[PDB]
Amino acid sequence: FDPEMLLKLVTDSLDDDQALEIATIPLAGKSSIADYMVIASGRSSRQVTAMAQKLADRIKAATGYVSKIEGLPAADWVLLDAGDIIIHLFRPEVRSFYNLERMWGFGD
């Protein structure tokens, strides 16, 4: 399964699930971690969760690849590691809030 085909699956799925700000970062000549990183926002916890889970299910259906998901059920963010592509999903207002708390030195 071609990494460009995987990229198309990822962005099509996120677009279908109404993600915003879907960014594609090509990593050729920069990093060996993956061919692409994709980053996108969701508007709620239900939405980020549905987004991530459907994407993992779709990748498995299309390719057989079992993606690693980091950050569920508490879904302020999700990372989905699909091997050739790593997908970052975030809730902008939750992230800005948590970043402030960490800037203030909370939590150690």
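A residue's number is simply how far along the shown sequence it sits, counting from 1.
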For the higher mean C-alpha B factor in the entry, choose 39-47 or 78-86.
-> 39-47
From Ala56, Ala34, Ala62, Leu72, pick the one with the largest CA B-factor in the entry?
-> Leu72
Grab the CA temperature factor for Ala52 from the record and place it in the lowest, middle or highest third of its chain.
-> highest
Going by the recorded CA B-factors, say which third of the chain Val66 sits in, lowest, middle or highest.
-> lowest
By the entry's values, the third containing the CA B factor of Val94 is the middle
Binned into thirds over the chain's modelled residues, the C-alpha B-factor of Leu20 lands in the highest
